[PDB]
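Okay, so we've got the same protein chain twice, two forms, each given alone as structure tokens, structure 1 and structure 2.
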Structure 1
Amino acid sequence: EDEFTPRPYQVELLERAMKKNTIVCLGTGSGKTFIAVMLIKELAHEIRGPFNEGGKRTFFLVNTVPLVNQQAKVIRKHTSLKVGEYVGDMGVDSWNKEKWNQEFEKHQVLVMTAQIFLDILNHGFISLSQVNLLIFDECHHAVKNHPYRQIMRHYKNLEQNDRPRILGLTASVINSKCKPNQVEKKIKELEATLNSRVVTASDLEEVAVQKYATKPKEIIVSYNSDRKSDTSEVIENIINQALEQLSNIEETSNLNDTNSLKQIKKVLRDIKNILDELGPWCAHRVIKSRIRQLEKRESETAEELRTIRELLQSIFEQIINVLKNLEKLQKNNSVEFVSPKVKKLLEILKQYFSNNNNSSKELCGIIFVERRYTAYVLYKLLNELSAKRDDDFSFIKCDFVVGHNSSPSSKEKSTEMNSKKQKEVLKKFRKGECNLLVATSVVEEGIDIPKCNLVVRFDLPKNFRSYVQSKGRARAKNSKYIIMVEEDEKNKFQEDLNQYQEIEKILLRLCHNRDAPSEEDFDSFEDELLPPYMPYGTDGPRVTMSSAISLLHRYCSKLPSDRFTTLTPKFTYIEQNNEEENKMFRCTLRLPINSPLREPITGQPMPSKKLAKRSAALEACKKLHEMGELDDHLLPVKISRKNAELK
């Protein structure tokens, strides 16, 4: 076992955390996870008690899916306490009370995402008085209507005697771009919501964490996009003519599904965009993928859509015919036809490789792109370049990771991803078999990465926190930070960089010597304009306007009907103005035919339409529970045919 040795600032922070509820602000790579580990290990005596006798339990909450495994492995390795792991893949929602009781009895420490915790707490399956300790990972995401805020709202009503301690872990404080003056208001709202005092040790400010923390060097690379191959510009003109023709077709010719031709035009301008950003070959690859999808679709299509698809097929035929003239890949010159920006990226990678060839240290690099499909086509492109056998591309290993949206029905998505495959790719990267990674914002936040030397930003950062975490993604010594900037964008980029640097400076200076939060601010905010539905009182399960729409949609999904069609409530909106002439909104909905209740349900009026939908949802839920379909714990019941006949 590792045989860790405590450091003075670690114990200094631990004593303060034990004394009072606090929020930890530390630089990246410092080891706040170990602070949480030690704090958990110190208070392990209470967890030994049985659940039936009131023995409390300690929870851990995290944002995304891979972090669930990441933190759980650390907590299992460094402690003898038993831990449990649950995520939404195994369909934990369809369980009943007894199974949850057994799971709670088995495990002492539980780690899950926020939504599952909220779903469990709302249905009355657990009592907040049984929580020993709760840990907030990435405590800067608790804003507006985030699930963290709803869990806090649940926490507020509990009596102070049995309230558990609250501890916060973060690397960034402000979620978005803020004015230098508004930073105080943002941090005040944060510490008012969490009901804890953010702390900063005098030790971490001086030399202590400075040696352990790392800072990269920043490089600004300018590029121009107006210049492009003359043939490529000819192709863009051709697609402009084609889109004009398609728009004329849409305007002149009636369409049974105008959204279908809109989809044709929009996938077209997507293809034009890929040509602009990447080049003709990648555009043709997307074109052949789309023609494969067209072959899939042509099995079941009507005459008009198939005709316009045939015309667009002729357009791709013309595009490929023109591409045959400039088949530079067949001429073994792949550099020429690609976009200049990709050329600049290739040149930068060549410079890095020429620098590191003498270095015995191996290569490790991360690439950030906004769009999943863009990352996929980029991965294909670098894979092909490596397959080209050329010297500067032979050593390149490329992989991609994106968010997963598993479909129970077929409804196939072109992108390929699986949670098991996700963890396999992650461990493959950790072993070091892959050096270059192209990823979206899934891995951008908080997840530890192996020793990396280079981080390159394909796209510009969007807010302060994204810039901070992307800078902190590099952990090894002598790291590199590179951002590409368009020629006309450099002034705004520089001014935003100055704003970010001054924001970081004032954040560092302001965090020291701040007074404890005021509970008057904690009970000050109130957004719930209506009380929830409490049939059995405080103990029994409740339903809040936030979850009522999801409840109705889930129950409608559970209705016995055809697989092809989905029963969806029809929403009718009524606008009215009172004697005050303010904008009042009121909603009304109708259940499908499978509902025993047929009369439309209406709700109270209020200025916003979303609240009108929520009010109608809550009224419908209360009426449906009154009818008797919903069970004791207010969850939708799969009323089988035998169940319907018996009732």
Structure 2
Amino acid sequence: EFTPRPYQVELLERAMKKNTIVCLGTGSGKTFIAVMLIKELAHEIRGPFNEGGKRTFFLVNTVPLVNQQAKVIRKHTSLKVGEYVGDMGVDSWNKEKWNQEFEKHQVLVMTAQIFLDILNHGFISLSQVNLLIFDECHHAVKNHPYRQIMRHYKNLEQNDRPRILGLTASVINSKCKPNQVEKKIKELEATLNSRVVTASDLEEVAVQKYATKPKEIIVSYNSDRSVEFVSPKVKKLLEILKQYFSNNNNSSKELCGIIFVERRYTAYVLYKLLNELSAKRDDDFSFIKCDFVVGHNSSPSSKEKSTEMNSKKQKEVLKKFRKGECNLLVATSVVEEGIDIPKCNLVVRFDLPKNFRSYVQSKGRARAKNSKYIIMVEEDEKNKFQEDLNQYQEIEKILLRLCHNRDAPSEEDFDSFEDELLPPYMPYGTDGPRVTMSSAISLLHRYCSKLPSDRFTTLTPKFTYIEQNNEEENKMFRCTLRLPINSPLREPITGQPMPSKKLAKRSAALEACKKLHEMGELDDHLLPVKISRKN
């Protein structure tokens, strides 16, 4: 029942020296050793939470992946595991419930932002956290919540060891030139205080996992000039699916084809058209079934129509695909990574990739033999797309060339973090509710929304911007806060002048937390009057 991997046991013993990051292609099995390293330190986690024990947290950005990884860890381990997501509405939960939750479970898999929230209000500090692994660590750039969490390491002492981990295949998240990749990798390895390694030998990975991705049958059309009325791209899909049927006459019923899109409306219309064609019972199209996977809760009541509700729908649709009930798939932005099917040999790239990372991630989804990669390109843009593809190939070649070990001898880069020009409130020191400079906006989201209050758009009570000349004539901004009649007086009516508008708002709104803490609205854990709504 247990399925090992030869290179990964070597990877584990190499990584169990210091902080180490593994970078490999899709299908490598890098995620699998997460459970092995979790069980390697299971003894520490056994500590009771009477005075604060050791617990392991697994951060996953996407909501459909938390249950999948929870089932994966449950399959090989007997430890109690729960699932956490803001869909349940945990915004109105007091300290005692959280203490009960921590004492009950053993591993709490949860998205990043909820971890931001819990660390923001001091329900528990970074102390006594046994281990912590990111998801898609290549997102840790600029003001990503990953970096916001990592910033809390600066406030605490270095002697503490809340080990951090994060796994990614592509180390970029935007378009770039082959002369800035070294700068990007150096910056990323400096930010998270960890080295990056990659398997030197890629035997099986090149056999069927990564280096033998589906062959790119670049097919063009004339779309730049219901199937026959909309752009002929749908006709190209029909022709390529007829080619698929001609290839797989033996499997004339169905296969595991997956369609990637970038706009939800396109996916919805595409699924509707193919379901209509299949239900018609015509000779050309009679055995096609597709279902939704993407869209997410979006918003409870604010200008949306998808209404994907709870994760139960995603769980059941993925189960019905795994059992073969669902065989065609359309989605936009949740099945790029973390979706695994043991037998898949066809991926249709209906919409073009936008950067390097998307192209690498959405290409290795197929894992079976003779897999098919299909790209929709136009004739006029064919030259530009060909040169862009050559650039991507060169980027991959140089990236695998620089796969040599890169250490971090200069720890000064970690100290070189661009600290904000103003300090935030912190009434109880480093051991108390350390308010972050980036959580002032979260606090101001819901002015007096707690307790009986209007349901109108009180979130944005409007602010006045004032500009004046200065010594360098770059101008300074006077952000002013004028809240309506809903609460007692406020100290930060206007903030300190700032070079930028955003920093002006931050300086004019951060002192609200400091003022409100003294007057008694908040508490020891900065939870306002322990009631629903508001952070």
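Under this definition, the rigid core comprises the largest set of C-alpha atoms superposing within 1.5 Å between the forms. All residue numbers here refer to structure 1's sequence, counted from 1.
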Problem - Identity of the moved residue from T566, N463, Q115, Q499, C-alpha shift 2 angstroms or more, core fit between the two structures - result: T566
Exercise for the section: Align both forms on the core first, then report whether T64 has a C-alpha shift of 2 Å or more between the two structures. Expected result: no
Practice task
For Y212, decide whether the Cα shift between the two structures is 2 Å or greater, given a superposition on the rigid core.
Solution key: yes
Practice task
Determine, after fitting the two forms on their core, whether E191 shows a C-alpha shift of 2 Å or more between the two structures.
Solution key: no
Completion exercise
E53: Cα shift between the two structures after core superposition, Å, came to 3.3
Completion exercise
Once the two forms are overlaid on the core, the CA atom of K361 shifts between the two structures, in angstrom, by 9.1
Practice task
Provide the displacement, in Å, of the CA of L26 between the two structures, taking the core as the superposition reference.
Solution key: 1.6
